[PDB]
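A short write-up of the structure that comes next.
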Amino acid sequence: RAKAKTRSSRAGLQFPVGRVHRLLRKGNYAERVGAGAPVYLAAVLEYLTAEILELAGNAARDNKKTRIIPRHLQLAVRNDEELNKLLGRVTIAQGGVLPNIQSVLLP
Amino acid sequence: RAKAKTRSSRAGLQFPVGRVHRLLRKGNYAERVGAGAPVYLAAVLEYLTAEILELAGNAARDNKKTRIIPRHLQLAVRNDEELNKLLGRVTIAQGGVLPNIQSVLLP
Amino acid sequence: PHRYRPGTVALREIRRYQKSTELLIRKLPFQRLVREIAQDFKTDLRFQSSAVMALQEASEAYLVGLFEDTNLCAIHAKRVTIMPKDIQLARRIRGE
Amino acid sequence: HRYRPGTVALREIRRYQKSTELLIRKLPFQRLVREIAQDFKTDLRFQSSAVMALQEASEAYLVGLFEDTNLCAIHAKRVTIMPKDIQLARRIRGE
Amino acid sequence: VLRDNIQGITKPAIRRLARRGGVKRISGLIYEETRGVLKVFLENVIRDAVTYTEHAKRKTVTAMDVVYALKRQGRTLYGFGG
Amino acid sequence: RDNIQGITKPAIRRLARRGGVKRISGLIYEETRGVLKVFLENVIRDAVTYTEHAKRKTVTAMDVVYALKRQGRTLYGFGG
Amino acid sequence: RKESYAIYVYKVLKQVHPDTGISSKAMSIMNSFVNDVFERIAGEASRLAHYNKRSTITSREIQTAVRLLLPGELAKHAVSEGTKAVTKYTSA
Amino acid sequence: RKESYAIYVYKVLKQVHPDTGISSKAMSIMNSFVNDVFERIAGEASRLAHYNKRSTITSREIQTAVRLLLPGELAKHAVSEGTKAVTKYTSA
DNA sequence: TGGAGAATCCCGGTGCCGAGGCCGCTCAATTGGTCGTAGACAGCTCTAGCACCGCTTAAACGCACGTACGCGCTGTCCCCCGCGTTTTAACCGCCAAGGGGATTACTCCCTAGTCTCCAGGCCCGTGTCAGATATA
DNA sequence: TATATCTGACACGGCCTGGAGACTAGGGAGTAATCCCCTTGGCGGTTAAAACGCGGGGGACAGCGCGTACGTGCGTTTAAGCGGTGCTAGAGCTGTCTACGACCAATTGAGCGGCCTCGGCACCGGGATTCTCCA
């Protein structure tokens with residue numbers, strides 16, 4: 001047998017192709033799972049994770065903190081319209097709400 | 001051999017136990033399906049079919065119609081609280097709306 | 001001559017269109033609207049007739065439910081007239 | 001040196017909208033959860049994480065409901081929220 | 001090329017849909033907002049239906065695609081298959 | 001018993017301040033208590049059903065997460 | 001060829017309302033209702049089996065799926081006829 | 001042996017925000033987010049397989065699921081990233 | 001308070017087409033037997049949830065003052081409803097091309113299954129840095 | 001906003017199990033071909049509905065008075081909350097066995113496609129009953 005190379009390194013990803021393939025196989029979705037489906041879904045999950053972490057890090061530097069807390073994730077999700085559409089039925093614990101006051105209540 | 005007895009007949013049901021069993025196997029729900037699961041599911045489906053059909057026949061008899069139309073099914077579902085809770089996210093085609101004028105609009 | 005008060009004809013129309021189950025939007029303009037919406041996504045696209053009636057039934061039901069919530073918003077503001085802020089309030093509360 | 005009616009409410013809004021801490025005391029919510037769960041199954045054990053999950057979900061639901069209630073109140077040309085606003089919001093949301 | 005057929009959703013048609021919902025009086029600014037609401041909803045359904053058709057390598061949008069598109073967004077329609 | 005009164009008036013006021021409500025009527029609190037009771041009854045009944053299917057006498061946070069996911073109220077950060 | 005509940009809903013209608021017929025569109029709506037409720041209960045039972053690390057959908061999973069999905073009196077009754085049906089199937 | 005996506009979110013976070021850490025509750029949230037998006041996309045891919053009478057999940061099914069679920073720019077960039085990963089896997 | 005144009009309800013005749021009953025058959029449900037394995041059940045650990053006392057202290061509760069605000073009344077004017085006339089595009093029928101859905105043969109590449117091997121992720125331990133506290 | 005301190009969560013550093021390499025087999029789906037439902041473009045009458053316009057009436061909207069009921073501050077109560085200890089239900093892991101469900105094969109009758117029929121119901125026309133507006 002030759003040297004063992006991981007399937008995530010062949011696709012240039014950090015998310016596991018093999019774990020995603022195993023979760024697709026035991027999750028009872030279809031009778032068969034193709035070769036490119038775990039690669040594709042690992043790439044999609046890596047991109048969505050990257051987008052959430054970029055906006056969370058920007059929100060963390062906006063509050064002068066170098067560690068991401070749930071409040072930074074909530075400010076990351078709900079200030080972007082696409083992630084608000086994706087996570088509209090999702091409650092983030094210890095996330096709070098964005099500060100909005102309607103204009104009729106201002107003095 | 002012996003006489004071929006239908007599984008729905010020995011369970012006292014009209015809905016097909018074997019068809020529900022086939023659809024449970026081929027529907028990619030779990031690796032195994034128990035023996036009592038299609039009997040239970042056919043019993044629940046037959047009960048819900050009977051509950052909609054009895055109220056639809058009552059609505060057809062109240063409108064002096066021999067025959068159940070989609071308006072009768074809508075009048076059966078939306079006038080009962082439990083069936084409207086079950087089918088609140090579902091639109092019946094050619095079903096119309098219940099007669100409900102608000103009190104402030106009537107003279 | 002004979003002239004009805006404002007509201008009696010509207011209430012008779014409410015009773016007629018709540019008793020009936022017919023489609024109220026004309027079929028051919030809805031078909032043309034569906035095709036011009038679908039031509040922005042994929043060119044040279046056909047439609048089954050039952051797809052167009054399914055779209056018409058879903059659209060009519062959604063608009064009737066939106067108008068029910070709009071009427072409740074208009075009654076909440078001590079009015080009997082529906083105005084666009086009632087529609088915007090109903091869609092904001094639903095989450096659209 | 002009494003403040004105007006409304007400015008302490010506005011500082012309360014800006015204080016509780018900038019915070020993540022739960023606004024309900026933990027022990028009354030524990031007693032309420034156990035009292036409700038007694039009606040479904042007698043002598044249930046409860047994890048602490050389950051009660052914290054219930055409190056977080058209930059607080060988020062009530063905050064969203066009060067936002068919709070405030071929207072109904074401004075739609076009725078009014079600052080004070082009333083039970084009819086809550087009822088209208090739950091009726092439009094489907095409850 | 002079909003252009004500007006949103007005016008085919010006429011003012012009496014919107015009035016009839018409001019009469020079905022139990023509306024006594026309608027302001028004259030309602031109809032443009034109703035046309036916009038209907039257009040937004042129709043693009044939301046039709047984009048998913050065209051996606052379902054394109055996955056099957058078909059050129060005709062069927063009633064199955066519309067039923068699955070409405071079932072996806074929680075607006076399930078009975079009577080057109082399922 | 002009588003544990004709905006533990007959800008006090010300042011707690012409902014605090015939750016309304018988080019929602020951006022500037023002025024609160026005196027009849028908000030009973031309605032908020034009833035709304036919270038209905039929501040907790042639904043989620044707790046579903047979590048109890050999830051627990052009694054698992055042959056357990058302890059309501060795990062997984063059961064609460066799945067109960068909220070059944071109602072489209074997905075909760076993040078509690079092992080979901 | 002095409003498979004649907006075109007004869008069992010009529011059987012239930014005849015044993016409930018023996019002098020009442022059904023139209024084609026209403027029967028298609030009833031078939032869609034049966035398929036939708038079947039999909040809901042089967043998906044809930046599969047999700048319950050996956051939550052408890054089980055590879056089998058038993059009668060207990062369908063029972064708790066019916067208790068989860070249906071409202072109160074409907075769930076209590078459907079549990080009662082389901083239990084009666086499995087009891088009659090096992091006893092005969 | 002509870003499997004989690006913690007080290008992968010470490011790797012992505014250090015890839016794009018090198019001088020930025022993360023908390024434990026934020027990782028519980030991120031783990032739930034990855035699991036939720038995975039379950040959503042895989043369930044839609046299963047539905048796409050069952051609608052077209054298919055028994056396998058390919059890259060086309062995941063592509064169509066990503067186009068159905070994710071909003072516009074998110075769907076476009078996710079499809080681009082997945083297609084790049086698939087052609088990098090196939091070419092190497 | 002009572003009468004008239006108009007809508008509404010009720011009843012009888014007519015035609016139609018669509019559900020509904022019946023038959024051939026084929027295909028999927030039924031029966032019979034085998035085997036492996038998922039799960040039922042007992043045992044044991046030790047995690048964690050309930051129970052309770054002290055205290056000190058933040059949070060809640062009651063009371064009083066008062067001013068912003070809800071709410072009702074009035075006026076106005078304008079905008080939408082009601083209805084007559086016109087025009088215009090929907091609708092139905094029949095109609096042909098002709099693109100594409102749906103079925104069938106085949107054949108091949110793709111993916112399940114299996115054995116082996118090893119290295120990546122995971123539990124545990126440690127120490128060190130990022131916020132919260134503290135004060136002006 | 002600026003200057004010191006503390007602490008507790010967090011990033012880094014041996015075994016085991018699951019992911020990868022190589023091979024085999026078989027079956028699902030791609031490709032080609034064909035056949036016919038069914039989809040669209042179009043002509044033409046027609047008549048129903050959309051559009052336009054005019055009067056008018058009722059209701060959206062603005063202003064104003066008033067009476068009251070939440071907001072706010074302060075003093076007193078009370079029980080959340082943290083620490084600490086104790087103890088016992090029961091969550092969870094492991095081992096063993098046994099019933100039960102997948103699987104394969106032969107049989108057979110249940111349900112579906114196809115076809116013929118008759119009455120339920122929409123439609124038309126006439127008569128009785130409100131019904132809503134106005135003097």
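Quick note on naming: the chains in the structure tokens go A, B, ... in the order shown, residues restart at 1 in each chain, and ligands are numbered from 1 in order of appearance.
Overlaying chain A on chain B with a least-squares fit of every Cα atom yields 0.3 Å as the RMSD.
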DSSP alpha helix (DSSP H) residues within chain D, listed as a CSV table (one decimal) with C-alpha atoms, in the first residue's frame:
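result.csv, written as the output of this step:
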```csv
chain,number,residue,atom,x,y,z
D,7,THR,CA,-36.0,59.0,29.7
D,8,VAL,CA,-35.4,56.3,32.3
D,9,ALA,CA,-37.4,54.0,30.0
D,10,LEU,CA,-35.1,54.9,27.1
D,11,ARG,CA,-31.9,54.3,29.1
D,12,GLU,CA,-33.5,51.0,30.2
D,13,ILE,CA,-34.1,50.1,26.5
D,14,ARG,CA,-30.6,51.0,25.6
D,15,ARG,CA,-29.3,49.0,28.6
D,16,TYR,CA,-31.3,45.8,28.1
D,26,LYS,CA,-34.0,31.4,37.6
D,27,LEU,CA,-35.8,29.9,40.5
D,28,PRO,CA,-39.4,31.1,39.7
D,29,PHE,CA,-38.9,29.8,36.1
D,30,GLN,CA,-37.7,26.5,37.6
D,31,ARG,CA,-40.8,26.3,39.7
D,32,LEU,CA,-43.0,27.3,36.8
D,33,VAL,CA,-41.5,24.6,34.5
D,34,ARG,CA,-41.9,21.9,37.2
D,35,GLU,CA,-45.5,23.0,37.9
D,36,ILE,CA,-46.3,22.8,34.2
D,37,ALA,CA,-44.5,19.5,33.7
D,48,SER,CA,-30.1,22.4,34.6
D,49,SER,CA,-29.3,22.8,30.9
D,50,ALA,CA,-32.9,21.9,30.0
D,51,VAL,CA,-34.3,24.6,32.2
D,52,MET,CA,-31.7,27.1,30.8
D,53,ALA,CA,-32.8,26.1,27.3
D,54,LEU,CA,-36.5,26.6,28.2
D,55,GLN,CA,-35.7,30.0,29.7
D,56,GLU,CA,-33.6,31.2,26.7
D,57,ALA,CA,-36.4,30.1,24.3
D,58,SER,CA,-39.1,31.7,26.3
D,59,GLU,CA,-37.2,35.0,26.7
D,60,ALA,CA,-36.4,35.2,22.9
D,61,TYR,CA,-40.1,34.4,22.1
D,62,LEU,CA,-41.4,37.1,24.5
D,63,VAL,CA,-38.9,39.7,23.2
D,64,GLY,CA,-40.0,39.0,19.6
D,65,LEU,CA,-43.7,39.1,20.7
D,66,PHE,CA,-43.1,42.5,22.4
D,67,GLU,CA,-41.4,43.8,19.3
D,68,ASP,CA,-44.4,42.8,17.2
D,69,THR,CA,-46.7,44.3,19.9
D,70,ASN,CA,-44.8,47.6,19.8
D,71,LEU,CA,-45.2,47.6,16.0
D,72,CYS,CA,-49.0,47.1,16.4
D,73,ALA,CA,-49.0,49.9,19.0
D,74,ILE,CA,-47.3,52.4,16.7
D,75,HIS,CA,-49.7,51.2,13.9
D,83,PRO,CA,-53.5,43.4,25.4
D,84,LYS,CA,-55.3,44.0,22.0
D,85,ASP,CA,-51.9,44.5,20.4
D,86,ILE,CA,-50.6,41.2,21.8
D,87,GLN,CA,-53.8,39.5,20.6
D,88,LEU,CA,-53.5,41.0,17.1
D,89,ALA,CA,-49.8,40.0,16.9
D,90,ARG,CA,-50.5,36.4,17.9
D,91,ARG,CA,-53.5,36.3,15.5
D,92,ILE,CA,-51.4,37.5,12.6
D,93,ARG,CA,-48.4,35.2,13.5
```
| said: Need to verify the contact set: segment 22-25 of chain J, 10 Å, only C-alpha atoms (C1' of nucleotides), exclusion of same-chain residues closer than 3 positions in sequence. Can you return it as a ChimeraX atom specification? | reply: /A:1-2 /I:112-116
Output the selection as a CSV table (one decimal), in the first residue's frame - N, CA and C atoms (P, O5', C5', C4', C3', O3' and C1' of nucleotides) for each residue.
```csv
chain,number,residue,atom,x,y,z
A,1,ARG,N,0.8,-1.2,0.0
A,1,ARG,CA,0.0,0.0,0.0
A,1,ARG,C,0.9,1.3,0.0
A,2,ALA,N,0.4,2.3,-0.7
A,2,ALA,CA,1.2,3.5,-0.8
A,2,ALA,C,0.9,4.4,0.4
I,112,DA,P,-22.1,4.0,-2.1
I,112,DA,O5',-22.4,2.6,-1.5
I,112,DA,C5',-23.6,1.9,-1.8
I,112,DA,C4',-23.5,0.4,-1.7
I,112,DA,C3',-22.9,-0.1,-0.4
I,112,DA,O3',-23.6,-1.3,0.0
I,112,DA,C1',-21.5,-0.8,-2.1
I,113,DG,P,-23.5,-1.9,1.5
I,113,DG,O5',-22.2,-2.9,1.4
I,113,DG,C5',-22.3,-4.1,0.6
I,113,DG,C4',-21.1,-4.9,0.6
I,113,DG,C3',-20.4,-5.0,2.0
I,113,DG,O3',-20.1,-6.4,2.3
I,113,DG,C1',-18.8,-4.3,0.4
I,114,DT,P,-19.7,-6.8,3.8
I,114,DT,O5',-18.1,-7.0,3.6
I,114,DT,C5',-17.6,-7.6,2.5
I,114,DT,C4',-16.1,-7.8,2.6
I,114,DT,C3',-15.5,-7.7,4.0
I,114,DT,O3',-14.5,-8.7,4.2
I,114,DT,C1',-14.4,-6.2,2.6
I,115,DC,P,-14.0,-9.2,5.6
I,115,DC,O5',-12.4,-8.9,5.6
I,115,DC,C5',-11.6,-9.5,4.6
I,115,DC,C4',-10.2,-8.9,4.5
I,115,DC,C3',-9.5,-8.7,5.8
I,115,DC,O3',-8.2,-9.1,5.8
I,115,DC,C1',-9.6,-6.6,4.6
I,116,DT,P,-7.3,-9.2,7.1
I,116,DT,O5',-6.4,-7.9,6.9
I,116,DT,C5',-5.6,-7.7,5.8
I,116,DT,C4',-5.0,-6.3,5.7
I,116,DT,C3',-4.3,-5.9,7.0
I,116,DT,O3',-3.1,-5.2,6.7
I,116,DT,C1',-5.8,-4.2,6.3
```
Each chain I residue no farther than 12 Å from chain G, nearest pair in Å, only C-alpha atoms (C1' of nucleotides), as CSV:
```
residue,atom,partner,partner_atom,distance
I:18,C1',G:23,CA,8.7
I:19,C1',G:23,CA,7.0
I:20,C1',G:21,CA,9.4
I:26,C1',G:1,CA,10.6
I:27,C1',G:1,CA,10.0
I:28,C1',G:3,CA,11.6
I:37,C1',G:55,CA,11.4
I:38,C1',G:55,CA,7.8
I:39,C1',G:54,CA,8.7
```
Deliver the residues from the most recent selection as a file, using N, CA, C and O atoms (P, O5', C5', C4', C3', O3' and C1' of nucleotides), as a PDB file, in the first residue's frame.
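Result went into selection12.pdb, see below:
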```pdb
ATOM      1  P    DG I  18     -66.951  15.609 -17.184  1.00  0.00           P
ATOM      2  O5'  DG I  18     -66.932  15.633 -15.587  1.00  0.00           O
ATOM      3  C5'  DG I  18     -68.161  15.705 -14.868  1.00  0.00           C
ATOM      4  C4'  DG I  18     -68.378  14.459 -14.023  1.00  0.00           C
ATOM      5  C3'  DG I  18     -67.125  13.635 -13.727  1.00  0.00           C
ATOM      6  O3'  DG I  18     -67.190  13.155 -12.403  1.00  0.00           O
ATOM      7  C1'  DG I  18     -68.733  12.261 -14.722  1.00  0.00           C
ATOM      8  P    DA I  19     -65.853  12.841 -11.575  1.00  0.00           P
ATOM      9  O5'  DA I  19     -66.291  11.650 -10.610  1.00  0.00           O
ATOM     10  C5'  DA I  19     -67.184  11.913  -9.551  1.00  0.00           C
ATOM     11  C4'  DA I  19     -68.319  10.911  -9.529  1.00  0.00           C
ATOM     12  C3'  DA I  19     -68.007   9.586  -8.841  1.00  0.00           C
ATOM     13  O3'  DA I  19     -69.167   9.118  -8.169  1.00  0.00           O
ATOM     14  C1'  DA I  19     -68.669   9.177 -11.033  1.00  0.00           C
ATOM     15  P    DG I  20     -69.032   8.216  -6.849  1.00  0.00           P
ATOM     16  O5'  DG I  20     -69.496   6.771  -7.330  1.00  0.00           O
ATOM     17  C5'  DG I  20     -70.779   6.605  -7.901  1.00  0.00           C
ATOM     18  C4'  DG I  20     -70.867   5.294  -8.655  1.00  0.00           C
ATOM     19  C3'  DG I  20     -70.039   4.146  -8.065  1.00  0.00           C
ATOM     20  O3'  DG I  20     -70.806   2.956  -8.086  1.00  0.00           O
ATOM     21  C1'  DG I  20     -69.558   4.385 -10.330  1.00  0.00           C
ATOM     22  P    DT I  26     -51.086  -9.574 -18.267  1.00  0.00           P
ATOM     23  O5'  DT I  26     -49.977  -8.667 -17.555  1.00  0.00           O
ATOM     24  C5'  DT I  26     -50.326  -7.375 -17.059  1.00  0.00           C
ATOM     25  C4'  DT I  26     -49.963  -7.219 -15.586  1.00  0.00           C
ATOM     26  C3'  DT I  26     -48.722  -7.986 -15.116  1.00  0.00           C
ATOM     27  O3'  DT I  26     -48.028  -7.203 -14.170  1.00  0.00           O
ATOM     28  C1'  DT I  26     -50.519  -8.533 -13.756  1.00  0.00           C
ATOM     29  P    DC I  27     -46.769  -6.301 -14.588  1.00  0.00           P
ATOM     30  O5'  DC I  27     -46.539  -5.402 -13.288  1.00  0.00           O
ATOM     31  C5'  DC I  27     -47.662  -4.812 -12.636  1.00  0.00           C
ATOM     32  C4'  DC I  27     -47.790  -5.302 -11.200  1.00  0.00           C
ATOM     33  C3'  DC I  27     -46.468  -5.586 -10.483  1.00  0.00           C
ATOM     34  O3'  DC I  27     -46.517  -5.039  -9.182  1.00  0.00           O
ATOM     35  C1'  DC I  27     -47.906  -7.411 -10.249  1.00  0.00           C
ATOM     36  P    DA I  28     -45.481  -3.900  -8.732  1.00  0.00           P
ATOM     37  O5'  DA I  28     -45.870  -3.633  -7.209  1.00  0.00           O
ATOM     38  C5'  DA I  28     -47.230  -3.427  -6.860  1.00  0.00           C
ATOM     39  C4'  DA I  28     -47.715  -4.488  -5.887  1.00  0.00           C
ATOM     40  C3'  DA I  28     -46.847  -4.682  -4.638  1.00  0.00           C
ATOM     41  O3'  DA I  28     -47.681  -4.787  -3.502  1.00  0.00           O
ATOM     42  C1'  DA I  28     -47.245  -6.738  -5.652  1.00  0.00           C
ATOM     43  P    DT I  37     -24.633 -10.136  11.660  1.00  0.00           P
ATOM     44  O5'  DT I  37     -25.385  -8.751  11.897  1.00  0.00           O
ATOM     45  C5'  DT I  37     -26.720  -8.593  11.425  1.00  0.00           C
ATOM     46  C4'  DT I  37     -27.651  -8.207  12.559  1.00  0.00           C
ATOM     47  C3'  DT I  37     -26.970  -7.515  13.743  1.00  0.00           C
ATOM     48  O3'  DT I  37     -27.746  -6.405  14.153  1.00  0.00           O
ATOM     49  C1'  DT I  37     -28.302  -9.263  14.505  1.00  0.00           C
ATOM     50  P    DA I  38     -27.203  -4.907  13.965  1.00  0.00           P
ATOM     51  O5'  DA I  38     -28.412  -4.008  14.495  1.00  0.00           O
ATOM     52  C5'  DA I  38     -29.679  -4.074  13.850  1.00  0.00           C
ATOM     53  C4'  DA I  38     -30.820  -4.196  14.854  1.00  0.00           C
ATOM     54  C3'  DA I  38     -30.815  -3.187  15.994  1.00  0.00           C
ATOM     55  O3'  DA I  38     -32.139  -2.755  16.238  1.00  0.00           O
ATOM     56  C1'  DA I  38     -30.774  -5.386  16.877  1.00  0.00           C
ATOM     57  P    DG I  39     -32.422  -1.457  17.136  1.00  0.00           P
ATOM     58  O5'  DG I  39     -33.011  -2.068  18.484  1.00  0.00           O
ATOM     59  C5'  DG I  39     -34.094  -2.977  18.418  1.00  0.00           C
ATOM     60  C4'  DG I  39     -34.132  -3.886  19.633  1.00  0.00           C
ATOM     61  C3'  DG I  39     -34.120  -3.175  20.991  1.00  0.00           C
ATOM     62  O3'  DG I  39     -35.049  -3.815  21.848  1.00  0.00           O
ATOM     63  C1'  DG I  39     -32.511  -4.833  20.965  1.00  0.00           C
TER      64       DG I  39
END
```
| field | Distance filter 9 Å, only C-alpha atoms (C1' of nucleotides), chain I against chain B, as a PyMOL selection string | value | chain I and resi 29-32
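Every protein, DNA or RNA residue with an atom at most 10 Å from residue 16 of chain G, where only C-alpha atoms (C1' of nucleotides) count and chain neighbours fewer than 2 positions away do not, is listed here: residues 50, 51, 53, 54 and 57 of chain B; 10, 11, 12, 13, 14, 18, 19 and 20 of chain G.
Here the question is which of C:26, C:46, C:79, C:85 gets nearest to chain E using only C-alpha atoms, and that residue is C:46.
The part of chain G that reaches within 9 Å of chain J is made up of residues 1, 2, 3 and 7 of chain G, counting only C-alpha atoms (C1' of nucleotides).
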Writer output for current selection, N, CA and C atoms, as a compact mmCIF listing (two decimals), in the first residue's frame:
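The resulting file, part-v9.txt, is reproduced below:
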```
# COMPACT_ATOMS: atom_id res chain seq x y z
N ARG G 1 -51.05 1.18 -12.78
CA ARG G 1 -49.86 1.98 -13.03
C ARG G 1 -49.65 3.00 -11.92
N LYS G 2 -50.36 4.12 -12.01
CA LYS G 2 -50.30 5.14 -10.96
C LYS G 2 -51.00 4.63 -9.71
N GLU G 3 -50.34 4.79 -8.57
CA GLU G 3 -50.79 4.20 -7.31
C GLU G 3 -51.26 5.29 -6.37
N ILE G 7 -59.40 3.53 -3.57
CA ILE G 7 -60.46 2.60 -3.18
C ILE G 7 -60.65 2.52 -1.68
```
| Counting only C-alpha atoms, which residues from chain B have an atom at most 8 Å from any atom of chain E, and could you show them as an MDAnalysis selection string? | chainID B and resid 89:93 97 100:102 105
| said: Tell me as a PyMOL selection string which residues belonging to chain B come within 6 Å of chain C, counting only C-alpha atoms. | reply: chain B and resi 94-97+99
Any chance you can output those residues with N, CA, C and O atoms as a PDB file, in the first residue's frame?
```
ATOM      1  N   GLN B  94     -59.860  24.826  -4.579  1.00  0.00           N
ATOM      2  CA  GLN B  94     -61.295  25.045  -4.813  1.00  0.00           C
ATOM      3  C   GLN B  94     -62.105  24.885  -3.528  1.00  0.00           C
ATOM      4  O   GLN B  94     -63.178  24.279  -3.515  1.00  0.00           O
ATOM      5  N   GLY B  95     -61.584  25.438  -2.437  1.00  0.00           N
ATOM      6  CA  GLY B  95     -62.213  25.284  -1.143  1.00  0.00           C
ATOM      7  C   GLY B  95     -62.852  26.547  -0.604  1.00  0.00           C
ATOM      8  O   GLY B  95     -63.730  26.474   0.258  1.00  0.00           O
ATOM      9  N   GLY B  96     -62.420  27.706  -1.091  1.00  0.00           N
ATOM     10  CA  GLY B  96     -63.003  28.951  -0.636  1.00  0.00           C
ATOM     11  C   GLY B  96     -62.575  29.314   0.777  1.00  0.00           C
ATOM     12  O   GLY B  96     -61.597  28.799   1.323  1.00  0.00           O
ATOM     13  N   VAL B  97     -63.342  30.224   1.376  1.00  0.00           N
ATOM     14  CA  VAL B  97     -63.125  30.657   2.748  1.00  0.00           C
ATOM     15  C   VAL B  97     -64.435  30.526   3.516  1.00  0.00           C
ATOM     16  O   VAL B  97     -65.518  30.449   2.934  1.00  0.00           O
ATOM     17  N   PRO B  99     -67.529  31.848   5.756  1.00  0.00           N
ATOM     18  CA  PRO B  99     -68.232  33.136   5.815  1.00  0.00           C
ATOM     19  C   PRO B  99     -67.999  33.834   7.143  1.00  0.00           C
ATOM     20  O   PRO B  99     -68.582  33.454   8.164  1.00  0.00           O
TER      21      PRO B  99
END
```
| For segment 49-63 of chain F: contacts at 10 Å, only C-alpha atoms (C1' of nucleotides), fewer than 6 positions along chain excluded, given as a ChimeraX atom specification | /D:37,40-54 /F:43,69,78-80 /G:48-49,51-52,60-61,63-65,67-68 /I:49 /J:89-91
| message | Residues of chain D within 8 Å of chain J, counting only C-alpha atoms (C1' of nucleotides), what are they? List them as a list in words. | response | residues 2, 3, 5, 6, 25 and 27 of chain D
Please build the interface table for chain D against chain A with a cut-off of 7 Å, listing for each qualifying residue the nearest atom pair and the distance in Å to one decimal; count only C-alpha atoms, order rows by chain and increasing number, and write it as a tab-separated table.
```
residue	atom	partner	partner_atom	distance
D:14	CA	A:99	CA	6.8
D:17	CA	A:99	CA	5.3
D:18	CA	A:99	CA	6.5
D:19	CA	A:96	CA	6.4
D:20	CA	A:96	CA	4.8
D:21	CA	A:94	CA	6.8
D:56	CA	A:93	CA	6.4
```
| DSSP says strand (DSSP E or B) for which residues of chain A? Put them as a PyMOL selection string? | chain A and resi 32-33+67-68+90-92
| message | Should the cut-off be 8 Å, what would the residue list for chain F against chain J look like, counting only C-alpha atoms (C1' of nucleotides), as a PyMOL selection string? | response | chain F and resi 23-26
